[PDB]
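Visitor: need a 3D model of the following:
(4 chains)
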Amino acid sequence: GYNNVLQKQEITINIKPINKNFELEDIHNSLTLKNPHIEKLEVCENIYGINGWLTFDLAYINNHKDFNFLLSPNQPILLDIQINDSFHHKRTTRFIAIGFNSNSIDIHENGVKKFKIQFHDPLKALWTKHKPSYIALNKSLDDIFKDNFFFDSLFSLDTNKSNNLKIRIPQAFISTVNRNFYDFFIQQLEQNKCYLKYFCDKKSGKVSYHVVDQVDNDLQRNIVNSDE
Amino acid sequence: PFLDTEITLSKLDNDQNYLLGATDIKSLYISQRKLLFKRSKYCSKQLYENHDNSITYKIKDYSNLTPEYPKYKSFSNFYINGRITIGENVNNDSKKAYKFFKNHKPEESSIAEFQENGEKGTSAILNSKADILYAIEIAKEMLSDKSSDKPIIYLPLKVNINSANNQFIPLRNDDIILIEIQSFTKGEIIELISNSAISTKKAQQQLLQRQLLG
Amino acid sequence: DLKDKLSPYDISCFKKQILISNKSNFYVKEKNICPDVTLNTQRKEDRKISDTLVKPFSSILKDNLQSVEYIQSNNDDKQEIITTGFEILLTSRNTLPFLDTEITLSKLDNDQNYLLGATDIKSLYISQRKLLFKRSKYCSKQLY
Amino acid sequence: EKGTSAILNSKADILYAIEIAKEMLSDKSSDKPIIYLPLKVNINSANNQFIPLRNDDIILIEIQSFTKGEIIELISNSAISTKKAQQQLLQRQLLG
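Guide: Residues are numbered from 1 along each chain as shown, chains lettered A, B, ... in the order given. There you are, the coordinates:
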């Protein structure tokens, strides 16, 4: 502590499992955190994405509510982080992210267990482990990106404002040879010189990306910060 | 407090010189954050038996507003084998002929009518012009599983494949070709994996050296 | 006295029980494509998995293409989808008694749940060691 | 090789006059840009044909090191069917 005029700082974490068919389940139906069991969390923001780490503590061995989340690789995990601070007046920040990775679980003991989970914004952490390579004909780009996008019980992406990606192309060569499809989402987006916008709704959490070829009032009609 | 430390694509006015900056700079914005939220030694002790903060900001000029892209990977090339066809119902007099295509549609063309006009002029190509295409049928298993379209990719001409600087033997149909895809929307034609004339005897009965034509 | 099953003079000597990845529950499809005209069979085939009870995801692929040469391309270099394993680090401050802490290609039975692990796991083995042998400040001073 | 008329190993010290576009010299050089390069004899040919590189053709040239250039492909012709592939089917060799 030893600060002024910070009154309170309460931070929460909401954790759900994500099934085979990319919908949600219930384990308060989740593993909420508290008066912090958290040693350390790291978050960086961008216009496009979120990264970082998360460490926390639990107890003990064993309980069936803790088995399915943190004892297996390759199960996707929502991480709803809310930060709420009061001073006077209150201000809130909120994060939504998915973290799963193959071939990596970090757990420590010495009945207190440690854990280490990473962060990506949900379009990245899903399309990383997804490598198609095929040919399309007579299809524009926004026709392509929604053919690979199978996520509507999680979030949505808003491509209705660009009017450059919807130009038709007769020969398409989608190629992920040694690389990631999420790179292909960004590389050809660079050669059309567009914007990405990660955006959370604090009330309530519904992530929706935005791709606008300029910067206008219409985006600024949708970063209206729900504060006073 | 009292700011917008939440990423908007907006403006923030400037009157105080309590940044380093420069005095001739108008409105700014915020492009990043970083968040190091640790756990102090106070909250740890009662919760082990039974926080600290640091926030940075990235601030740039509003007049230099550019999109920001993370690091990505430029891709490499994969090889596709494919045929050449002309139409779909081919006579047996004109079974091995050649046809040139205009504009990504099944339309006849010539080497002429394009011929950037240092070439009209006689019959001599310089620089091996684009916008003349080959109908190439590719094995159906590289399209999507919903596509009800017959797979034909058009590609430009290397005229110097079945030839030299004198011969004009264009690619007939019903041959087999390695195709690179060197970038997005740029394919190329490299080698031939095909023939029409071979000695089918045991290299002691015959010694054939021939050119079939036409 | 080569004994097994972690007789509890050993749990007096431990410091950490570090996990690395356990067995998973979901894999990723790997459709295997030979891009060729004039191979009159299937081109797309799934790669095979040596274990059951693991379901794929939905509509997410790793299209492993195969490069094509002038040669009639062969078949098939039949690899398999890498299932995840099970790795435990165990930092002990000294050599362990009553075990076989010497690399055999053998079995070691499991009855005690004093690992993190999972309760449905039979016999184990040892695949590495690490050895950090330093010199304390006691033995250094009289020998300097 | 003396001997008959048969090259082994495609000898060096025989060169081709190659004119290059003037915009890769320095801006003071009053010299007409011609770089000499050795022969790949096996370009317009096979193991039997001898059709050497005539003038007035167009060639990709790599420069693989310092003082080592090579000749790779041809971007040129002299004989083409300038009709619409339904009126004619030309298959010819101009020569000489």
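Visitor: only C-alpha atoms from now on, for both contacts and neighbour counts.
Guide: Noted.
Visitor: mind checking the SS state of residue A:189?
Guide: Assigned with DSSP: H, G, I helix; E, B strand; the rest coil, residue A:189 falls in the helix class.
Visitor: that one: neighbour count?
Guide: For residue A:189, the count of nearby residues is 17 (other Cα atoms under 10 Å in any protein chain shown).
Visitor: can you check residue B:139 too?
Guide: 21.
Visitor: just residue A:153 next, same as before
Guide: Residue A:153 has 10 nearby residues by other Cα under 10 Å.
Visitor: for it, which non-adjacent residue is spatially closest?
Guide: residue A:23 (5.7 Å; Cα to Cα, 6 or more residues apart in numbering or on different chains).
Visitor: distance of that neighbour relative to chain B?
Guide: 24 Å (Cα to the nearest Cα, to the nearest Å).
Visitor: before we move on, what about residue C:52?
Guide: Taking Cα to the nearest Cα, one finds residue C:52 at 27 Å from chain B.
Visitor: ok so that residue is a strand residue?
Guide: No - Residue C:52: not assigned to a strand; according to three-state DSSP it is coil.
Visitor: list the backbone torsions phi and psi for it.
Guide: phi -100, psi -170 (degrees, to the nearest 10).
Visitor: and what of the one 3 residues further on?
Guide: Listed backbone geometry of residue C:55 is phi -90, psi 150, with angles given as degrees, to the nearest 10.
Visitor: residue contacts, it?
Guide: A:20, C:25-27 (Cα atoms under 8 Å, 6 or more residues apart in numbering or on different chains).
Visitor: among the residues you listed, which one sits closest to chain D?
Guide: residue C:27 (46.3 Å; Cα to the nearest Cα).
Visitor: burial measure for that closest one, as a count.
Guide: Residues near residue C:27, counting by other Cα under 10 Å: 20.
Visitor: look up the closest residue to it, ignoring the ones flanking it.
Guide: In space, residue C:27 is closest to residue C:56, 5.0 Å off (Cα to Cα, 6+ apart).
Visitor: next, count neighbours for that neighbour.
Guide: 14.
Visitor: that one against residue C:30, yeah?
Guide: No - contact criterion Cα atoms under 8 Å: residue C:56 and residue C:30 do not qualify, at 10.0 Å.
Visitor: how about the contacts made by the residue nearest to residue C:27?
Guide: A:20, C:26-29.
Visitor: what about it, distance to residue A:146?
Guide: Note on residue C:56: its distance to residue A:146, by Cα to Cα, to the nearest Å, is 21 Å.
Visitor: kindly report the same for residue B:166.
Guide: Taking Cα to Cα, one finds residue B:166 at 50 Å from residue A:146.
Visitor: residue B:5 now?
Guide: 33 Å.
Visitor: over to residue B:69?
Guide: 21 Å.
Visitor: now do residue A:97
Guide: 21 Å.
Visitor: which of those two has more residues huddled nearby?
Guide: Between residue A:97 and residue A:146, residue A:97 has the larger neighbour count (other Cα under 10 Å), namely 21 against 12.
Visitor: what sits against the more buried one?
Guide: Applying Cα under 8 Å, 6+ apart, the residues near residue A:97 are A:50, A:78-80, A:119-122.
Visitor: let's see which of those end up in strands.
Guide: A:50, A:78-80 (DSSP state E).
Visitor: just the buried members of the residues you listed?
Guide: A:50, A:78-80 (16 or more other Cα atoms under 10 Å in any protein chain shown).
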